[PDB]
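Novice: Mind looking over this structure? Questions follow.
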Amino acid sequence: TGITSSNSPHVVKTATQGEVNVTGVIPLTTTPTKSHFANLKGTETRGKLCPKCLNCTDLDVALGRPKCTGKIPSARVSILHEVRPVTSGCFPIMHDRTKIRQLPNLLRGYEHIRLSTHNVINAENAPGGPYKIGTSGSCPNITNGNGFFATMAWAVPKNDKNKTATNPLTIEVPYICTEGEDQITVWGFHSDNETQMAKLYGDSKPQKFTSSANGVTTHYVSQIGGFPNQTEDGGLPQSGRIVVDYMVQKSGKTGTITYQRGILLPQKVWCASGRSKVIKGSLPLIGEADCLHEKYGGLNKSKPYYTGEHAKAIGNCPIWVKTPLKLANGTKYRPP
Amino acid sequence: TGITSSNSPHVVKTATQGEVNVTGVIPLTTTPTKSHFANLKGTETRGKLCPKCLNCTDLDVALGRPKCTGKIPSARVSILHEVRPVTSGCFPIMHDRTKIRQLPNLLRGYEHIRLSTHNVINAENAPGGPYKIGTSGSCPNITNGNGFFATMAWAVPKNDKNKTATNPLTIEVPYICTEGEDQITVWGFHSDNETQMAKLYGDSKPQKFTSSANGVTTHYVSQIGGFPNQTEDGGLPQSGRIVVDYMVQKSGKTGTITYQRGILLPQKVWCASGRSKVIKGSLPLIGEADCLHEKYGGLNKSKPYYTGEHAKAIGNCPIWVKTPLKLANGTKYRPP
Amino acid sequence: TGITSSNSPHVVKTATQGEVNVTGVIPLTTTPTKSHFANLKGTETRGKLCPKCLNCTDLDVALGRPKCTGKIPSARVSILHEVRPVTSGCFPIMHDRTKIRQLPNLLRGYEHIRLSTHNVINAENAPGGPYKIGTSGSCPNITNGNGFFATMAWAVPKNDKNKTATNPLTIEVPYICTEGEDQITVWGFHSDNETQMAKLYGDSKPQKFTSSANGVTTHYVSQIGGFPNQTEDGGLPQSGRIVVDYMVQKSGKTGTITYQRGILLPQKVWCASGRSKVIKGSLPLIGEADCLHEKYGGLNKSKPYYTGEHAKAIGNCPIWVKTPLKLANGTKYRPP
Amino acid sequence: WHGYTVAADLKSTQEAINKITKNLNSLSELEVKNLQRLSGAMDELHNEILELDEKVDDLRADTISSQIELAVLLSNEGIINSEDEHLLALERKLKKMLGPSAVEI
Amino acid sequence: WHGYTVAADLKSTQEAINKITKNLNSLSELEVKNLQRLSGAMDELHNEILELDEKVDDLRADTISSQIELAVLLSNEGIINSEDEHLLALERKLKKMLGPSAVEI
Amino acid sequence: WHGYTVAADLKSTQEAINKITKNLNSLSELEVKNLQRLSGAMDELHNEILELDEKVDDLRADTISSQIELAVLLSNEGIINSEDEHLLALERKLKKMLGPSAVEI
Amino acid sequence: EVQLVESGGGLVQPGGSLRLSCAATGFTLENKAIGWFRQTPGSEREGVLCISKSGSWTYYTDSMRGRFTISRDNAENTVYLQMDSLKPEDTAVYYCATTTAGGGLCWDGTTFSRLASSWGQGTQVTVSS
Amino acid sequence: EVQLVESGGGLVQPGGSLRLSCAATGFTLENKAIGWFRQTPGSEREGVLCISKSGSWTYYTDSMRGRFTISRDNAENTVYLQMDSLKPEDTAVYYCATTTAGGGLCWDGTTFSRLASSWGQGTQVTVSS
Amino acid sequence: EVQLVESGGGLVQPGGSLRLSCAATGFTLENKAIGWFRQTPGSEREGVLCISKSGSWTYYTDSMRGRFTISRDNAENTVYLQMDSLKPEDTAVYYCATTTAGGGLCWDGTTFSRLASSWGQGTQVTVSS
Ligand SMILES: *[C@@H]1O[C@H](CO)[C@@H](O[C@@H]2O[C@H](CO)[C@@H](O[C@@H]3O[C@H](CO[C@H]4O[C@H](CO[C@H]5O[C@H](CO)[C@@H](O)[C@H](O)[C@@H]5O)[C@@H](O)[C@H](O[C@H]5O[C@H](CO)[C@@H](O)[C@H](O)[C@@H]5O)[C@@H]4O)[C@@H](O)[C@H](O[C@H]4O[C@H](CO)[C@@H](O)[C@H](O)[C@@H]4O)[C@@H]3O)[C@H](O)[C@H]2NC(C)=O)[C@H](O)[C@H]1NC(C)=O
Ligand SMILES: *[C@@H]1O[C@H](CO)[C@@H](O[C@@H]2O[C@H](CO)[C@@H](O[C@@H]3O[C@H](CO[C@H]4O[C@H](CO[C@H]5O[C@H](CO)[C@@H](O)[C@H](O)[C@@H]5O)[C@@H](O)[C@H](O[C@H]5O[C@H](CO)[C@@H](O)[C@H](O)[C@@H]5O)[C@@H]4O)[C@@H](O)[C@H](O[C@H]4O[C@H](CO)[C@@H](O)[C@H](O)[C@@H]4O)[C@@H]3O)[C@H](O)[C@H]2NC(C)=O)[C@H](O)[C@H]1NC(C)=O
Ligand SMILES: *[C@@H]1O[C@H](CO)[C@@H](O[C@@H]2O[C@H](CO)[C@@H](O[C@@H]3O[C@H](CO[C@H]4O[C@H](CO[C@H]5O[C@H](CO)[C@@H](O)[C@H](O)[C@@H]5O)[C@@H](O)[C@H](O[C@H]5O[C@H](CO)[C@@H](O)[C@H](O)[C@@H]5O)[C@@H]4O)[C@@H](O)[C@H](O[C@H]4O[C@H](CO)[C@@H](O)[C@H](O)[C@@H]4O)[C@@H]3O)[C@H](O)[C@H]2NC(C)=O)[C@H](O)[C@H]1NC(C)=O
Ligand SMILES: *[C@@H]1O[C@H](CO)[C@@H](O[C@@H]2O[C@H](CO)[C@@H](O)[C@H](O)[C@H]2NC(C)=O)[C@H](O)[C@H]1NC(C)=O
Ligand SMILES: *[C@@H]1O[C@H](CO)[C@@H](O[C@@H]2O[C@H](CO)[C@@H](O)[C@H](O)[C@H]2NC(C)=O)[C@H](O)[C@H]1NC(C)=O
Ligand SMILES: *[C@@H]1O[C@H](CO)[C@@H](O[C@@H]2O[C@H](CO)[C@@H](O)[C@H](O)[C@H]2NC(C)=O)[C@H](O)[C@H]1NC(C)=O
């Protein structure tokens with residue numbers, strides 16, 4: 001009595017006996033190839049923050065650009081597709097003087113994202129005012145009137161009597177989100193050339209600003225004239241530039257801003273909760289896939305394991321292994 | 001010849017044969033339930049920093065509130081029981097404008113904690129003086145005289161001749177702890193309403209402050225009047241408020257503070273070494289336990305493993321496992 | 001028929017049968033002993049950044065001290081031998097008021113390091129000038145003329161007409177390295193006593209400075225007179241002191257510096273790419289070794305595993321294990 | 001595949017097949033959590049944290065790779081060992097049916 | 001529990017018990033280090049670091065869980081395998097005492 | 001070392017030696033990556049990150065230690081098990097050469 | 001009694017399209033992978049396209065990507081192979097196969113064909129003018 | 001020759017308290033867990049309370065938490081079960097048990113009773129007016 | 001047919017130096033460790049110094065560190081033991097040994113001597129005035 005075999009050797013590895021030649025094997029791995037990214041099967045995969053917001057970038061949405069507001073769909077899974085997000089309209093920003101470009105990437109790390117419907121503070125009667133709220137032709141609103149970012153209020157002195165230089169003024173930014181949510185407060189400051197600074201604010205020297213929230217302090221000094229070229233903006237010439245920053249207010253805490261002339265006071269504020277699973281990828285998402293792999297894109301789990309470039313991945317994925325593993329499917333080989 | 005059995009199947013898992021029905025099993029896991037925290041058996045478990053300091057909070061002790069000084073017992077094991085520590089006396093602080101609330105949580109991470117007996121610098125003759133050392137009825141001392149936090153000296157100009165505005169002044173804060181210890185230096189600044197600022201300091205414009213230690217720089221601008229309501233303080237009305245911060249001086253390094261009027265110069269300083277094992281929990285500690293589990297509280301190791309919510313834990317603890325593991329205690333089952 | 005044995009017991013451990021006495025064993029571990037560090041066999045091991053730069057420290061080289069320039073050899077493996085690097089010449093620095101001491105340790109983390117051959121900006125015509133470029137007898141150059149750090153330009157007002165106080169001035173520091181490289185920009189500011197400040201800059205009040213790159217902002221206020229003693233410098237008396245900092249410009253981004261009088265504008269700039277594997281060790285490197293171990297120094301792999309102090313290590317190293325493991329080399333022991 | 005000398009033992013052949021099938025299914029249905037980015041750590045702002053996160057991923061992938069390789073090695077151990085178990089079970093049947101009048105070689 | 005046909009083999013019964021006892025004691029006395037907070041990382045100040053620390057804890061708990069499960073699987077392997085070893089040892093005794101005049105079924 | 005009763009079975013002696021040699025070589029040629037510092041994290045500036053890095057190293061060393069110990073335990077299992085395999089192979093040769101005229105004790 | 005039945009084959013012109021169906025009787029397709037194969041007379045059976053238990057696709061040969069698509073309907077208990085832009089060389093008998101082994105994954109053509117415990121009887125596709 | 005001996009049982013009124021002792025001879029209680037059990041005539045023996053080798057408590061049934069406490073003295077080589085607020089239903093024979101198996105842990109009532117290698121002869125507790 | 005052949009031994013004065021060579025025939029020294037041993041008549045053979053397949057050194061006894069050095073040449077297929085500052089007690093027959101077991105590592109004197117599959121015939125070193 002006995003057992004038939006293919007009479008051909010195939011080496012496998014065992015736990016206590018080392019390598020053994022057997023009659024047959026089943027390979028357990030493949031090497032994937034690179035292709036486009038896709039929707040993750042079983043999820044709504046977040047690419048753009050507001051896909052219905054047409055002709056808007058993620059940073060446009062994060063700053064509240066006019067015509068770029070609306071609901072941000074929740075998502076348990078998100079794709080980081082811009083290492084350095086850009087704007088595509090509104091008033092010219094000197095982006096790289098702060099961390100502001102990362103704001104939409106910070107937002108996509110949360111599952112739930114929404115812009116507050118209340119103003120966190122009243123801009124017109126803020127310290128150092130009263131102020132009229134500045135608007136710009138670079139930022140056309142729904143009926144094409146002059147507007148501005150919904151997250152901020154351009155504070156311009158309303159009365160010539162108070163149109164003067166000011167000592168640093170402190171404003172408290174309260175927490176207006178729902179308990180459990182993080183609040184991300186967007187603020188900044190406008191600057192211009194020397195004569196336009198005198199006309200707008202009654203002072204043409206550099207202005208200074210600080211923010212402070214949860215023990216995190218920042219400090220900025222403005223620039224008067226000699227600005228870099230306008231970029232990523234509304235395409236309309238402007239003599240001035242704005243600097244924009246964000247501060248994260250955690251666990252229901254109040255933040256503070258100290259400011260002088262040109263302050264962009266916060267208005268609408270981001271409220272975010274939960275956690276979204278994020279990997280790097282590229283748009284557009286084409287079709288669907290079992291798995292999203294940072295190096296291979298969308299892929300489908302044909303076998304339980306894979307060899308090749310290990311990387312961050314999400315979904316129903318094959319597991320990275322070091323060697324092409326083989327399951328034994330036969331008897332011990334003996335030379336015939 | 002043979003072996004008797006219970007003649008009932010119980011599935012176990014094996015390493016090379018998969019699932020096997022056997023005659024008996026021994027369960028190796030339980031699911032704990034939640035209860036109060038307790039002392040860790042075999043240790044002195046730190047809850048409050050100074051339990052003998054009666055009617056003092058940990059932040060009170062960390063700031064050197066009068067009647068809240070004394071020895072801090074060493075502890076290899078500590079409980080973080082306040083995510084946001086509060087004061088309960090002395091001069092009103094605007095806590096959330098710095099990181100100061102976390103100071104006692106930073107301290108409890110060390111095994112050994114002590115307040116220095118020397119003053120790190122001489123306040124009376126510091127730059128911009130000479131100064132008289134301010135005291136307050138909000139901070140009653142041992143014989144109920146006006147006092148102040150032991151970690152700081154309220155620097156008030158002594159002479160009207162030097163009671164004027166000042167350029168930013170720089171002071172070096174030397175390292176006075178013993179080699180191997182970290183030094184945590186507490187400092188801050190007092191501010192008040194416009195007329196009281198003129199009376200105290202000869203200047204009523206906002207004052208500016210910076211700290212710098214081991215390459216870590218901070219910047220603060222003060223607020224004149226319009227302060228938020230007094231809270232967590234001595235219960236006595238005051239027109240002014242203080243802002244308090246700390247800076248960590250590592251590896252025997254000197255730090256610096258630049259300041260103007262209203263400076264709270266450092267005096268007594270924290271010296272800390274070693275490492276305490278910290279988890280989140282709640283007071284009071286009731287009895288003792290083999291193990292302190294962040295989600296289950298105090299528990300006793302009845303079995304070597306447990307199923308349920310994994311969490312940070314300390315002590316003689318059961319080990320978290322994914323499934324209720326069973327040890328085989330019988331022979332292979334065969335239908336009779 | 002049978003098998004002979006040594007007839008002496010030696011306990012080993014098995015996977016499914018627990019402890020078993022066998023006839024012989026082979027120990028698989030040793031405990032290393034501590035000795036000097038060495039060159040890693042198969043590599044060029046970086047100790048000093050520029051070993052051919054004679055009588056220069058790593059910080060000297062990192063700052064571009066005259067006579068301390070030249071090629072920095074690439075290295076896949078580096079030794080961190082100064083937790084707190086020191087200078088040994090040139091103009092006196094107040095080192096510990098910034099993070100500057102860590103600059104050469106940051107550099108050694110890259111595989112490739114080079115100083116740019118172009119000046120990142122033109123110092124003479126920078127904002128607030130025109131400037132003459134200051135030199136010092138503390139920094140003798142190749143023919144022993146007065147010089148300065150190659151990474152910076154001491155900006156001194158050239159004309160008495162513009163020798164006055166200035167509002168904060170902003171300069172953009174562009175990215176001049178090759179794509180893929182990090183740019184590390186060295187800058188700082190000079191200060192002096194009151195009368196020398198008036199003579200040099202037309203202003204003797206403290207001056208303020210900020211840097212900002214990739215969302216990282218720093219703020220500094222200078223000190224007028226009363227400086228700490230000169231140290232780690234050229235040994236020549238000077239009434240003034242400089243403060244030196246660095247800022248990392250990542251992914252081709254432009255940084256900014258805001259400054260007043262005494263600015264040390266960046267000139268030559270570090271361009272770095274790749275990653276070097278770094279562990280702590282000490283110089284000199286004596287001979288070679290299979291392995292560099294943070295606690296044992298250089299060692300040679302005599303056996304595959306070792307017991308003792310686990311630590312960071314690089315090279316062809318034995319693997320740390322908890323117990324002195326033994327391989328079975330015999331049959332099951334039976335009492336004779 | 002299993003039999004005597006010619007006739008094939010259907011159940012012995014079939015049960016050897018199922019043993020390899022159970023091992024394949026067991027290895028195919030392992031659940032291992034994946035690795036994604038930190039949601040809070042931003043590029044440029046938190047590069048030092050991101051380097052440690054990359055190190056954590058690299059060490060985790062190596063650990064899981066060794067763990068799955070051992071699972072395959074343990075499966076192959078039981079499969080290769082089962083050949084001797086099947087042959088012994090085939091000899092016990094040729095000794096029970098063939099009475100003591102026969103002699104085993 | 002172990003015996004012949006009725007009489008019980010005391011030592012064979014007892015040694016099977018002790019084998020399971022040794023496995024239980026071995027599994028009961030494993031030493032695994034616990035996980036606590038970072039002493040230096042503060043809430044609110046260092047949330048990005050704290051997220052990575054939580055990730056390190058989550059991956060560590062999964063690794064230790066798989067390691068202990070395999071230890072139990074290896075214990076059960078040796079226990080189940082020892083049944084055949086005990087039975088073979090009981091047959092060798094019934095063949096040594098019963099001389100060649102008897103015949104094994 | 002292996003033989004009959006006196007004469008030594010050279011190949012049975014030799015193959016037992018080689019089995020232990022293969023296990024020793026297999027354990028001697030394992031490749032495990034080492035641990036070094038983070039290149040970006042600076043002392044004093046990034047102490048909170050450095051504490052987590054130390055924790056990652058400590059947990060990794062413990063995991064690799066358990067993994068290598070199990071590899072040795074699995075090697076010893078196969079070596080100890082091979083004694084019974086060698087003895088059984090030596091009895092099969094003394095039963096094939098010695099015809100049915102002899103009787104096994 | 002379990003059985004797969006292919007249908008939809010027949011004569012079609014070059015560049016034409018054809019939709020084959022694989023209906024199951026005696027068992028359900030949920031939690032199983034279903035792979036399509038084809039065989040030219042005198043040649044070994046070759047893989048075409050498989051759909052996993054999750055509904056994702058695995059192509060068994062590179063050439064057929066794009067032209068061949070696949071879908072499944074758990075209600076209809078049926079898998080569909082949609083063939084477009086057919087070439088004369090696509091003439092073959094087309095088979096569907098399934099199994100309970102392999103975790104409902106598609107594997108590759110060689111392994112899945114060996115894993116298959118059920119094969120349909122095949123349907124003839126002929127591509128000619 | 002190893003032996004556990006319970007003592008301290010007897011007649012007690014409802015709401016009363018009683019302290020039972022479990023003394024060891026021929027061996028030492030250090031590094032062992034000691035569990036208390038009780039049995040009503042005609043009912044299965046049930047667990048009460050156990051103390052581990054570390055001195056920590058494991059209750060075997062929920063009802064007895066609070067009323068029953070336990071302590072050990074390595075010098076006296078004795079374990080004490082303190083019973084308070086006794087109810088008529090607490091009438092039973094009370095046993096102590098120990099073992100060297102299970103790492104000195106208390107486990108649960110079912111497993112520990114099976115692990116036990118030594119049992120005392122029991123002491124009768126009767127709760128009545 | 002594989003063989004190691006030591007040479008270079010002879011008479012030398014105290015404080016003198018001597019260079020022994022270990023040449024291989026029938027096989028190559030690449031990827032192998034080569035260890036040197038010595039034996040006093042009437043005493044057990046003792047380890048001296050070994051060189052691994054990477055070229056690194058492992059001393060088998062502490063005393064000989066410094067005085068004894070070693071090198072290998074894969075082209076010459078030869079290992080050299082350089083002895084300096086020789087003492088009368090260094091008089092012995094000196095052997096070289098190698099093996100393919102143990103991953104080309106040097107191990108310790110006891111284990112490597114047991115691992116050795118090839119030994120040279122030895123060369124006599126005599127240290128005397
Ligand atoms: C891993 O597996 C997944 C499957 O899970 C697989 O995904 C498919 O990928 C292919 C290749 O990219 C896609 O094929 C393309 O389809 C384009 C049209 O897509 C639309 O129409 C699809 C057909 O649906 C119709 O019929 C079905 C019933 O059969 C019915 O339910 C529908 O309602 C409709 O009537 C439809 O499935 C598809 O829906 C998906 O895609 C959209 C778009 O992203 C997405 O929003 C959905 O959520 C859903 O995922 C969509 O509605 C077609 O234009 C295109 O044709 C061009 O390319 C081919 C060559 O590729 C040329 O020959 C041709 O001339 C065109 O230039 C192409 O055929 C397919 O749609 C995907 N299926 C799904 C469900 O997403 C991955 O490829 C696998 N990955 C790997 C690496 O193997
Ligand atoms: C895990 O195991 C541990 C044991 O290691 C176990 O801890 C016990 O928990 C129970 C329940 O909370 C505690 O019981 C309470 O005790 C209160 C009184 O406590 C004091 O008195 C205790 C008795 O000691 C006397 O007798 C002994 C000798 O028998 C002698 O050494 C003593 O000196 C003294 O004479 C004493 O052990 C105890 O000491 C501990 O507790 C203090 C306080 O925190 C701590 O500082 C010590 O370090 C030590 O840990 C203390 O001195 C008692 O008031 C209370 O009664 C109320 O509640 C019950 C219901 O629970 C009501 O019926 C009653 O009417 C009251 O309202 C209660 O009985 C017990 O003290 C703990 N034991 C120890 C040693 O801490 C955990 O519970 C176990 N956990 C789990 C999850 O199972
Ligand atoms: C792990 O193994 C390594 C080997 O891989 C081993 O490294 C040796 O360590 C010893 C002890 O420190 C060193 O011995 C010292 O050598 C000093 C002189 O070094 C120079 O000369 C060496 C000899 O080379 C000559 O001969 C060879 C052929 O034999 C030829 O190729 C050469 O070109 C030359 O002609 C030479 O190998 C050596 O080169 C290494 O070292 C330099 C310096 O760092 C380095 O730059 C190279 O890259 C190379 O690594 C160098 O050129 C000698 O002065 C010294 O003598 C003093 O100390 C002894 C006691 O130790 C006293 O008795 C004496 O009086 C002196 O005071 C000492 O003998 C040896 O050089 C190392 N070998 C190598 C290759 O680096 C480690 O020790 C091992 N570690 C452990 C823990 O076991
Ligand atoms: C869009 O912008 C226009 C112009 O800024 C807004 O129109 C102004 O509305 C305010 C408030 O009602 C009036 O006081 C001004 O007189 C209006 N100006 C003009 C030129 O019409 C308009 O309200 C904005 N629309 C939205 C939806 O924000
Ligand atoms: C408690 O506070 C009182 C009041 O501030 C302190 O009394 C003063 O002590 C100083 C120095 O000895 C004298 O110059 C003042 O005249 C005292 N004032 C009064 C009102 O008595 C007292 O020293 C403090 N006690 C402690 C222990 O700090
Ligand atoms: C070394 O330093 C000397 C002195 O600072 C430099 O000599 C000066 O060079 C400039 C530019 O050529 C002249 O305008 C000055 O008149 C020179 N001064 C003196 C005193 O000679 C010299 O160029 C420096 N050398 C290098 C290589 O940097």
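Here, A, B, ... name the chains of the structure tokens in the order displayed, residue numbers run from 1 inside each chain, and ligands are numbered from 1 in the same displayed order.
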Mind listing the alpha helix (DSSP H) residues of range 23-83 of chain F, per DSSP on the backbone, as number ranges by chain?
Specialist: F: 23-28, 47-83
Novice: Write the residues of the preceding selection, restricted to N, CA and C atoms, as a short mmCIF file (atom, residue, chain, number, x, y, z; two decimals), in the first residue's frame.
Specialist:
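Printed below is out17.cif as written:
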```
data_model
loop_
_atom_site.label_atom_id
_atom_site.label_comp_id
_atom_site.auth_asym_id
_atom_site.auth_seq_id
_atom_site.Cartn_x
_atom_site.Cartn_y
_atom_site.Cartn_z
N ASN F 23 21.00 22.72 11.46
CA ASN F 23 20.30 23.59 12.40
C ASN F 23 21.20 24.72 12.89
N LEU F 24 22.46 24.39 13.20
CA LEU F 24 23.40 25.42 13.66
C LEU F 24 23.63 26.46 12.58
N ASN F 25 23.85 26.02 11.34
CA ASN F 25 24.06 26.96 10.24
C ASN F 25 22.83 27.81 10.01
N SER F 26 21.64 27.20 10.06
CA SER F 26 20.41 27.95 9.86
C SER F 26 20.25 29.04 10.92
N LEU F 27 20.53 28.70 12.18
CA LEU F 27 20.45 29.69 13.25
C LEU F 27 21.56 30.73 13.17
N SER F 28 22.68 30.40 12.52
CA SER F 28 23.81 31.32 12.46
C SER F 28 23.67 32.36 11.36
N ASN F 47 13.01 65.70 22.76
CA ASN F 47 13.11 64.67 23.79
C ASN F 47 11.85 63.81 23.87
N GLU F 48 10.68 64.39 23.61
CA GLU F 48 9.45 63.60 23.66
C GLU F 48 9.44 62.54 22.56
N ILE F 49 9.89 62.90 21.36
CA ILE F 49 10.01 61.92 20.28
C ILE F 49 11.05 60.87 20.64
N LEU F 50 12.17 61.30 21.22
CA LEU F 50 13.25 60.37 21.55
C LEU F 50 12.81 59.36 22.60
N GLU F 51 11.93 59.76 23.52
CA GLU F 51 11.42 58.80 24.50
C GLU F 51 10.58 57.73 23.82
N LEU F 52 9.76 58.11 22.84
CA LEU F 52 8.97 57.13 22.11
C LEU F 52 9.85 56.23 21.25
N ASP F 53 10.92 56.79 20.68
CA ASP F 53 11.86 55.98 19.91
C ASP F 53 12.53 54.93 20.80
N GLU F 54 12.91 55.32 22.02
CA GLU F 54 13.47 54.36 22.96
C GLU F 54 12.46 53.27 23.30
N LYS F 55 11.19 53.64 23.43
CA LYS F 55 10.15 52.65 23.68
C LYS F 55 10.00 51.69 22.50
N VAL F 56 10.08 52.22 21.27
CA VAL F 56 9.99 51.37 20.09
C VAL F 56 11.15 50.39 20.04
N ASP F 57 12.36 50.86 20.36
CA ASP F 57 13.51 49.96 20.40
C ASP F 57 13.33 48.88 21.45
N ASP F 58 12.86 49.26 22.64
CA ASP F 58 12.72 48.30 23.73
C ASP F 58 11.71 47.21 23.38
N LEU F 59 10.59 47.59 22.77
CA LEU F 59 9.59 46.60 22.39
C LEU F 59 10.07 45.73 21.23
N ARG F 60 10.83 46.32 20.30
CA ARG F 60 11.36 45.55 19.18
C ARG F 60 12.37 44.50 19.64
N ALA F 61 13.28 44.89 20.54
CA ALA F 61 14.27 43.94 21.04
C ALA F 61 13.60 42.76 21.74
N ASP F 62 12.52 43.04 22.49
CA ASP F 62 11.80 41.97 23.17
C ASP F 62 11.13 41.03 22.18
N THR F 63 10.53 41.59 21.13
CA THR F 63 9.87 40.77 20.11
C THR F 63 10.87 39.87 19.39
N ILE F 64 12.00 40.44 18.97
CA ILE F 64 13.01 39.65 18.25
C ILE F 64 13.61 38.59 19.16
N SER F 65 13.77 38.91 20.45
CA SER F 65 14.29 37.93 21.39
C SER F 65 13.36 36.72 21.51
N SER F 66 12.06 36.97 21.61
CA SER F 66 11.10 35.86 21.68
C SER F 66 11.09 35.07 20.38
N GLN F 67 11.25 35.76 19.25
CA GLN F 67 11.21 35.09 17.95
C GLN F 67 12.41 34.17 17.76
N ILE F 68 13.59 34.60 18.20
CA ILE F 68 14.79 33.78 18.06
C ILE F 68 14.77 32.63 19.06
N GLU F 69 14.25 32.88 20.27
CA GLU F 69 14.13 31.80 21.24
C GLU F 69 13.23 30.68 20.71
N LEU F 70 12.12 31.05 20.06
CA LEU F 70 11.24 30.04 19.48
C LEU F 70 11.93 29.29 18.35
N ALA F 71 12.76 29.99 17.57
CA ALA F 71 13.51 29.32 16.51
C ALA F 71 14.44 28.26 17.09
N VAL F 72 15.11 28.58 18.21
CA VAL F 72 15.95 27.59 18.87
C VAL F 72 15.11 26.47 19.46
N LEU F 73 13.96 26.81 20.06
CA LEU F 73 13.07 25.79 20.60
C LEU F 73 12.57 24.86 19.49
N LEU F 74 12.32 25.41 18.30
CA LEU F 74 11.86 24.57 17.20
C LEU F 74 12.99 23.71 16.65
N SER F 75 14.22 24.24 16.64
CA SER F 75 15.38 23.44 16.25
C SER F 75 15.58 22.28 17.20
N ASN F 76 15.56 22.55 18.51
CA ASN F 76 15.73 21.50 19.50
C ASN F 76 14.61 20.46 19.41
N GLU F 77 13.40 20.89 19.06
CA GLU F 77 12.30 19.94 18.88
C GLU F 77 12.62 18.94 17.77
N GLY F 78 13.09 19.44 16.63
CA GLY F 78 13.41 18.55 15.52
C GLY F 78 14.62 17.68 15.79
N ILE F 79 15.59 18.19 16.54
CA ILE F 79 16.77 17.40 16.88
C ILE F 79 16.40 16.27 17.84
N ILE F 80 15.65 16.60 18.89
CA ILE F 80 15.24 15.59 19.86
C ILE F 80 14.31 14.57 19.22
N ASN F 81 13.41 15.03 18.34
CA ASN F 81 12.53 14.11 17.64
C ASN F 81 13.30 13.19 16.70
N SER F 82 14.44 13.64 16.18
CA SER F 82 15.18 12.83 15.21
C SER F 82 15.86 11.63 15.85
N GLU F 83 16.03 11.62 17.17
CA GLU F 83 16.56 10.44 17.83
C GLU F 83 15.64 9.24 17.63
#
```
Novice: Let me see if you get this right: every residue at most 8 Å from ligand 1, counting only C-alpha atoms and all ligand atoms, written as a PyMOL selection string.
Specialist: (chain A and resi 35+38-39+41+285-290+298-300) or (chain G and resi 51+54-59+65-67+69-71+80+82)
Novice: With only C-alpha atoms as the counted atoms, please give the residues lying no more than 10 Å from residue 273 in chain C, apart from itself and same-chain residues fewer than 3 positions off, as a list in words.
Specialist: residues 74, 107, 109, 110, 111, 112, 113, 114, 178, 179, 180, 181, 182, 183 and 276 of chain C
